[PDB]
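Residue numbers (the entry's author numbering), protein chains in the order written: chain b, 1 to 147; chain a, 1 to 147; chain f, 1 to 147; chain B, 148 to 221; chain A, 148 to 221; chain F, 148 to 221.
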């Protein structure tokens with residue numbers, strides 16, 4: 001995640017193993033139950049896309065759901081690209097590039113790039129955009145997996 | 001929560017996973033027992049409304065009680081709005097807006113807004129107002145759930 | 001508790017959950033056994049009255065003993081008020097008020113007030129006065145609960 | 148399981164049923180107004196005859212602690 | 148369970164009963180004066196005949212360690 | 148349980164008894180001089196005849212390792 005250091009700057013720090021394991025354990029115990037979404041939300045505080053793929057990729061089991069989510073993440077990403085067209089002409093030397101759906105999904109962007117966008121002024125909340133897609137896709141799952 | 005930093009200012013820091021899990025475990029083990037209220041009170045030290053909805057939303061089970069509480073929180077909030085009318089004329093540029101029942105419940109306010117009210121001089125104790133509603137609603141539950 | 005910060009001042013910091021739980025677990029396991037008193041004493045290092053009521057209020061079970069203790073705490077408090085009369089005339093603007101039995105028991109005092117008395121120069125050891133009452137009342141219990 | 152399929156047993160305490168209701172209601176995502184409509188309507192309707200009878204005597208305006216204490220012996 | 152429903156068994160130690168009493172008293176929220184009234188009154192009243200007899204001999208003014216040591220063999 | 152009620156069984160090792168003694172002595176709060184008096188007196192007095200006999204042969208001035216090794220076969 002990207003956290004504030006004592007000095008008063010935003011720097012990246014790694015997520016903790018008993019945080020990781022707590023994510024694992026939630027999924028083990030409460031599967032598709034709604035409490036998973038606030039839980040997720042708390043444990044995703046200050047998290048990167050990269051950390052969010054890590055969390056999704058580290059799941060075991062419920063592979064039908066994991067595939068449905070993936071496909072929701074790509075749909076929501078396809079929709080990001082649709083709604084926000086690429087911008088006019090070449091990229092400025094003085095500036096950094098606008099993200100695509102796949103940069104938001106973490107796929108086409110690097111960590112330093114993910115830190116550029118979030119730490120820069122104005123900052124862009126690429127975590128929160130992926131977060132809604134995850135929560136939206138979580139609703140899809142919850143609604144389906146209701147019996 | 002909003003905690004004091006080493007530098008001597010009040011800044012927000014996130015609540016810890018084994019704090020979260022300790023909240024979960026209390027509820028698992030002691031359900032509606034009275035010891036839950038001091039316990040709550042200690043673990044709610046320096047907590048935001050936002051953190052208090054997080055704690056309530058992360059409950060599993062006892063959904064009749066969770067609904068009774070919600071409805072108590074809204075009643076107590078409706079009562080906040082009744083007792084404290086909105087103030088005269090437009091909001092000053094130099095000042096920040098007075099809270100409503102729903103800002104106290106965390107619903108209509110943002111975190112930075114919740115930090116403005118608490119950190120500002122005079123400070124307003126919107127945590128402690130929600131806390132009484134929670135404790136009051138906890139009494140309702142305890143009294144009902146006595147057998 | 002009130003602890004010394006790195007800067008070299010005495011500031012309040014909250015007590016830890018696995019400290020709380022260790023207090024709980026001691027009581028669960030060793031009930032009225034004498035080892036409870038040194039144990040208490042260590043875990044009460046630098047503690048406030050407020051934290052001491054928190055610890056007493058968070059007990060479950062042994063309610064006959066908990067009531068006997070309460071009643072000992074009030075007796076010892078009644079005795080504090082008896083032995084130390086209130087002082088002559090009005091309270092000075094330049095000074096802060098002398099405690100009563102109920103301020104020592106934490107009841108009539110606020111935290112900032114509890115920090116004023118302890119951090120101020122000379123400091124007054126209102127923790128250690130309550131601590132003796134707790135230990136004295138612990139002797140009463142231990143002696144009774146011997147079989 | 149659908150919210151319409153939530154019903155109270157003939158021997159099941161109301162309490163255990165109300166818990167089931169706000170759990171399933173917890174997995175419904177509808178507007179609050181619709182969920183209010185579901186609350187006053189469906190809960191009583193799928194409640195058992197013995198408690199149903201009881202709840203009819205509370206009249207309207209009733210709140211959950213009073214419903215929950217009202218159907219306790221049933 | 149209501150505070151009036153708290154009573155001492157015919158074979159139940161007083162001690163186990165007094166624990167039950169201040170647990171239920173712990174769930175009563177009444178003024179202190181009323182709770183004092185409950186203490187001196189209801190505790191002895193629902194105490195068993197053998198201990199009840201014992202407690203009558205302590206007279207008034209008695210405190211909990213003396214009541215608790217008084218009904219120990221019973 | 149009172150300190151006077153602490154006694155050694157007819158088959159109980161002294162050792163297990165001495166442990167019981169300083170545990171109960173650990174719950175006595177009396178002056179040190181009185182507790183010294185209890186040590187030299189009550190311990191031997193409630194000790195069993197076979198070990199009691201043994202301890203009488205150690206004479207006075209004896210210390211706990213020597214008492215504890217003295218009554219080991221008993």
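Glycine residues also receive a C-beta, built at the ideal position from the N, C-alpha and C atoms.
Item: Residue 19(b) at chain a interface by Cβ criterion, 8 Å; Value: yes
Item: Continuous beta strand (DSSP E) stretch holding residue 55(f): start and end; Value: Element bounds for residue 55(f): not the beta strand (DSSP E) but the alpha helix (DSSP H), 49-57.
Item: Chain B within 8 Å of residue 142(b), Cβ atoms only; Value: yes
Item: Endpoints, the beta strand (DSSP E) within which residue 10(b) is located; Value: 10-12
Item: The segment 158-170 of chain B in contact with the segment 63-78 of chain f per 3-pair CB rule at 8 Å; Value: no
Item: DSSP-derived helix/strand/coil call for residue 91(f); Value: coil
Item: Near-chain B residues of the segment 44-76 of chain a - C-beta to any C-beta below 8 Å; Value: 61, 62, 63, 64, 66, 67, 68, 71
Item: DSSP three-state assignment for residue 4(f), whether helix, strand or coil; Value: strand
Item: Interface flag, residue 146(a) vs chain A, CB-CB below 8 Å; Value: yes
Item: Residue 64(a) and residue 202(B) closer than 8 Å at C-beta; Value: no
Item: Between the CA atoms of residue 104(f) and residue 117(f) - distance to the nearest angstrom; Value: 11 Å
Item: Host alpha helix (DSSP H) of residue 198(B) (start-end); Value: 196-205
Item: The segment 54-63 of chain b in contact with the segment 186-204 of chain B per 3-pair CB rule at 8 Å; Value: no
Item: Residue 214(A), enclosing alpha helix (DSSP H) - first and last residue; Value: 211-217
Item: Cutoff 8 Å: residue 177(A) Cβ touching any chain a Cβ; Value: no
Item: Separation of residue 66(b) from residue 137(b), as counted between CA atoms; Value: 10 Å
Item: Residue 10(a) versus residue 8(f) - alpha carbon distance; Value: 19 Å
Item: Integer-rounded CB distance, given that residue 81(f) should sit under 8 Å from residue 106(f); Value: Their Cβ separation, rounded to whole angstroms, is 15 Å, which puts residue 106(f) and residue 81(f) out of contact at 8 Å.
Item: Under 8 Å between C-beta atoms of residue 32(b) and residue 142(b); Value: yes
Item: Range covered by the alpha helix (DSSP H) that runs through residue 17(a); Value: 17-30
Item: Closest by C-alpha distance to residue 1(f), when choosing among 6(a), 130(a), 42(a); Value: 42(a)
Item: CA-to-CA distance, residue 208(A) to residue 16(a), given in whole angstroms; Value: 51 Å
Item: Exposure label - residue 54(f); buried when at least 16 CB within 10 Å; Value: buried
Item: Closer than 8 Å at the beta carbon, the chain f residues around residue 173(F); Value: 34
Item: Limits of the unbroken alpha helix (DSSP H) element including residue 65(b); Value: 63-83
Item: Start and end residues, alpha helix (DSSP H) containing residue 192(B); Value: 179-192
Item: Assigned exposure category for residue 169(F) - 16 Cβ within 10 Å defines buried; Value: exposed
Item: Among 121(f), 120(f), 114(f), 139(f), nearest to residue 127(f) - alpha-carbon criterion; Value: 114(f)
Item: Residue 148(A) classed as buried or exposed, judged by whether at least 16 other C-beta atoms fall within 10 angstroms; Value: exposed
Item: Cβ separation of residue 34(f) and residue 167(F), assumed to be a contact under 8 Å, to the nearest whole Å; Value: Not really, about 15 Å apart at Cβ, beyond 8 Å.
Item: Whole-angstrom distance between residue 36(a) and residue 26(a), CA atom to CA atom; Value: 7 Å
Item: Best match in 119(b), 28(b), 19(b) for proximity to residue 44(b) [C-alpha to C-alpha]; Value: 19(b)
Item: Whether residue 214(A) touches residue 144(f) by CB criterion (8 Å); Value: no
Item: Spatial neighbours of residue 24(a) in its chain, beta-carbon cut-off 8 Å, leaving aside the 5 residues before and after; Value: 58
Item: Interface flag, residue 148(A) vs chain a, CB-CB below 8 Å; Value: yes
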